[PDB]
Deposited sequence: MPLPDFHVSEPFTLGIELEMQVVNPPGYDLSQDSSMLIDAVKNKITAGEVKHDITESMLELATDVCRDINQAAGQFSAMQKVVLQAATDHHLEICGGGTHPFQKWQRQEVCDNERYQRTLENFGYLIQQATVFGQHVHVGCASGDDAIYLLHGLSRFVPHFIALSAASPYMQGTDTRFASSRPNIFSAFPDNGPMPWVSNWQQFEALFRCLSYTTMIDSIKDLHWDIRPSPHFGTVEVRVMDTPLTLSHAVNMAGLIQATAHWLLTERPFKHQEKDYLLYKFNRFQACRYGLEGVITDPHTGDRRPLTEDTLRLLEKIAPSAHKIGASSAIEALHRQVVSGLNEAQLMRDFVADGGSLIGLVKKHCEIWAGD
């Protein structure tokens, strides 16, 4: 593995996997490679690629300093993209799963395509990356609940706020990174994992949060892709302010037992969103995520000012206080008599 790249203070990078739908039926497209081959010169900052499926358009920012910069690169990418979409009679929308799309790892891979948002935070060293990773792992339940946007799967209400994460549960590498206390221990772990033929690079390990020594960042990849660009930017600010608070204040001394209930709390967030309950593994104390998330928001507020994300922190606070659950909001649209086709159309208009 290469030396851990020394990145600039808390740099930021965002990747969004958007859905490409084909009107008027509004199911996922399969001919969206021509979208990239339509913006292959119409994007100055950031990057746009596509999956092997052709139903996903990935937008990525370059390395930014704050959410205002990310927001600008996304805004500029959005105009071109929307133009190309219209030019090809296609539409773009966010969300963790397409509501009705129906589909060697055999059948595990034969499930509908899903859409996630990844956020990269710069670190100065490997030991800092490891500290940042463990610190962020504590709020993964919170990051999932705040971004949950995938209640529907193949036409049925799964009851989950975010069902997308269930699609990877059978894979060996799913979930939290195995524990390591520092960068040296991480290199040994990666060395051991590399023994299998399945693992050749870190890119192959789909942990919820993973470090990158080549880019000098820690990557959070547990979130559903948001319905709007602004919410995606706010989640990124949230993660950047938490990173700043963790690394500058070092509020915790990380212990393996901090991860004991990691999967149980992760499940509660996927299944119930902010109404899920988080349990402390050391004391057994339980708290709804709405309450606990408000406490995270108040704790990282000063750090949010410092790196320019206080506006994201304030908006997330307003949303937790009022409820605003996209999962439910989708269910209400449908409960009010709207159709899944209509819901996808609504989401296309919303993203624009």
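- prompt: Which runs of the deposited chain sequence never show up in the coordinates?
  reply: Model skips 1-2, 106-121, 371-372 of the deposited chain.
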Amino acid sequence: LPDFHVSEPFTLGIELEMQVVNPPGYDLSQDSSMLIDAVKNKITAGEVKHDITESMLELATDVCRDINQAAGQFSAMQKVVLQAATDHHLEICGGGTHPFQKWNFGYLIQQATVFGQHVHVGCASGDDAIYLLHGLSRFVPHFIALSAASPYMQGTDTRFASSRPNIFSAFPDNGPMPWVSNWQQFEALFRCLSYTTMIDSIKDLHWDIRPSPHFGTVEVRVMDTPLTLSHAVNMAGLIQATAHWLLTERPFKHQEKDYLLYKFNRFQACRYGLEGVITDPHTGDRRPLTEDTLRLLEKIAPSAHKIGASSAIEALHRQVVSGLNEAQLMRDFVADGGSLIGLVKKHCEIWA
From here on, numbers count along this sequence of modelled residues.
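message: Tell me which stretch, 197-205 or 157-165, has the higher mean Cα B-factor listed in the entry.
response: In the deposited entry, the stretch with the higher C-alpha B-factor mean is 197-205.
- request: Determine, for stretches 40-48 and 314-322, which one has the higher mean CA B-factor as deposited.
  value: Going by the record's values, the stretch with the higher mean is 40-48.
query: Per the PDB entry, which option out of 85, 133, 93, 232 has the greatest Cα B factor?
result: Largest recorded C-alpha B-factor: 85.
query: Whose CA atom has the top B-factor in the entry, of 222, 274, 260, 112?
result: Comparing C-alpha B-factors across 222, 274, 260, 112, the top value belongs to 112.
task: Relative to the other modelled residues of the same chain, rank the CA B-factor of residue 248 and answer lowest, middle or highest third.
output: Middle third.
query: Looking at the C-alpha B-factor of residue 15, is it in the lowest, middle or highest third of its chain?
result: Within its chain, residue 15 is a lowest-third residue by C-alpha B-factor, going by the deposited values.
task: Could you look up the Cα B-factor of residue 102 in the entry and say which third of the chain it sits in: lowest, middle or highest?
output: Highest third - that is where residue 102 ends up once the chain's C-alpha B-factors are sorted.
task: Consider only the C-alpha atoms of the modelled residues in this chain, order them by B-factor as the entry records it, and name the third containing residue 189: lowest, middle or highest.
output: Tercile = middle for this residue's CA B-factor.
- prompt: Mind checking which third residue 68 falls in for C-alpha B-factor across the chain?
  reply: For residue 68, the deposited C-alpha B-factor lands in the middle third.
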